[PDB]
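A.B. asks: In the deposited numbering, the protein residues as written are 7 to 145. Where is the CB? At the ideal position from N, CA and C, for every residue including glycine.
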Amino acid sequence: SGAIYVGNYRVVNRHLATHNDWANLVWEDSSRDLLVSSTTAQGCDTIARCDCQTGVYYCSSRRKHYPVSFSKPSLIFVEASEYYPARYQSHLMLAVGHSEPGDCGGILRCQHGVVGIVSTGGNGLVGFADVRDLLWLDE
Ligand SMILES: COc1ncccc1CC(=O)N1CCC[C@@H](C(N)=O)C1
Ligand SMILES: [Zn+2]
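(1) Using three-state DSSP, classify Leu140 as helix, strand or coil.
(2) Given a threshold of 16 other Cβ atoms within 10 Å of its Cβ, counted over all protein chains shown, does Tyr63 qualify as buried or as exposed?
(3) Between the stretch 51-70 and the stretch 27-37, are three or more C-beta pairs nearer than 8 Å?
(4) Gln95: buried (16+ other C-beta within 10 angstroms of its C-beta) or exposed?
(5) Can you list, in chain order, the residues of its chain whose CB lies under 6 Å from that of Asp35, leaving out five sequence neighbours each side?
(6) Relative to the C-alpha of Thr24, which candidate in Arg38, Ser37, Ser43 and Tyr11 has its C-alpha closest?
(7) According to DSSP, is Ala29 part of a helix, a strand, or is it coil?
(8) Mind listing, in chain order, the residues whose beta carbon lies closer than 6 Å to a non-hydrogen atom of ligand 1?
(9) Could you tell me whether the stretch 99-108 touches the stretch 12-20, where touching means 3 or more Cβ pairs closer than 8 Å?
(10) So, using beta-carbon positions, are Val124 and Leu114 closer together than 9 Å?
(11) Under 5 Å from any heavy atom of ligand 2, by CB: list those residues in chain order, please.
(12) Helix or strand or just coil, what does DSSP make of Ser77?
(13) What does a CB cutoff of less than 6 Å around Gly111 pick up in its chain, not counting 5 residues either side in sequence?
(14) What does DSSP give as the partner residue(s) for residue 153 in the beta ladder?
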């Protein structure tokens, strides 16, 4: 689990979005595993606006943060789950590291701010859904 709170928005993994998230829907993209809902309180997370390929992510299954090198956002093939059939997930970044399903939502950060959230894993690779291109989260 995990979310990003920025301005009057809440960014979550689309597959973990709640009834409240869907009742206050702003934008969702199944191909990215992202959903943004509106909030009443003001969030103060800072979104990174950069091309960093190194950062640190929170891994709840180890209660630890790990430093990683990660690929630029791209279309990557992802195996089926109870939420999606096998498909290409877009805007995804991979790194070598540990993850388990419950780790989705963990934040990846660089020196500039939030980069994305854990969204996929398997075979010793962890994938992060990028949010740096969503310039509207700040306005
Ligand atoms: C962090 O996730 C994992 N890590 C290790 C093993 C397995 C996982 C689960 C995984 O990959 N998922 C979770 C359900 C949604 C799927 C998607 N985005 O298409 C991805
Ligand atoms: Zn950065």
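C.D. replies: For this structure:
(1) Within the sequence shown, numbered from 1, the residue matching residue 140 stands at position 134. DSSP places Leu140 in coil when its eight states are reduced to three.
(2) Within the sequence shown, numbered from 1, the residue matching residue 63 stands at position 57. Burial of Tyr63 is indicated by the presence of at least 16 other C-beta atoms within 10 angstroms of its C-beta.
(3) Put simply, the stretch 51-70 does not touch the stretch 27-37. Fewer than three CB pairs are less than 8 Å apart.
(4) In the sequence shown, the residue the question calls residue 95 occupies position 89. Answer is buried; the Cβ neighbour count reaches 16.
(5) Locating residue 35 in the sequence shown gives position 29, where the first residue counts as 1. Sequence-distant Cβ neighbours of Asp35 in its own chain, meaning closer than 6 Å and more than five residues away, do not exist here.
(6) Your numbering for residue 24 matches position 18 in the sequence shown. Closest in alpha carbon position to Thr24, among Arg38, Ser37, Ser43 and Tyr11, is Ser43.
(7) Reading the sequence shown from its first residue, position 23 is the one you call residue 29. Residue state, collapsed to three classes: helix.
(8) Result (chain order): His21, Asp39, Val84, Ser87, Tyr89, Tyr90, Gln95, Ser105, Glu106, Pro107, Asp109, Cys110, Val124, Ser125, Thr126, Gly127 and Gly128.
(9) Contact fails between the stretch 99-108 and the stretch 12-20, because fewer than three Cβ pairs, one in each stretch, are under 8 Å apart.
(10) For the purposes of this step, residue 124 is identified with residue 118 of the sequence shown, where counting begins at 1. For the purposes of this step, residue 114 is identified with residue 108 of the sequence shown, where counting begins at 1. Cβ atoms of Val124 and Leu114: closer than 9 Å.
(11) Cβ atoms closer than 5 Å to ligand 2 belong to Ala54, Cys56, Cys58, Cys116 and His118.
(12) As a first step, residue 77 is located in the sequence shown; it is residue number 71 there, counting from the start. Of the three classes helix, strand and coil, the one that applies to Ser77 here is coil, per DSSP.
(13) In the sequence shown, the residue the question calls residue 111 occupies position 105. Excluding residues within five positions, the ones whose Cβ falls inside 6 Å are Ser7, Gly8, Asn19 and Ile123.
(14) The requested residue 153 does not occur in the structure, where the chain is confined to residues 7 to 145.
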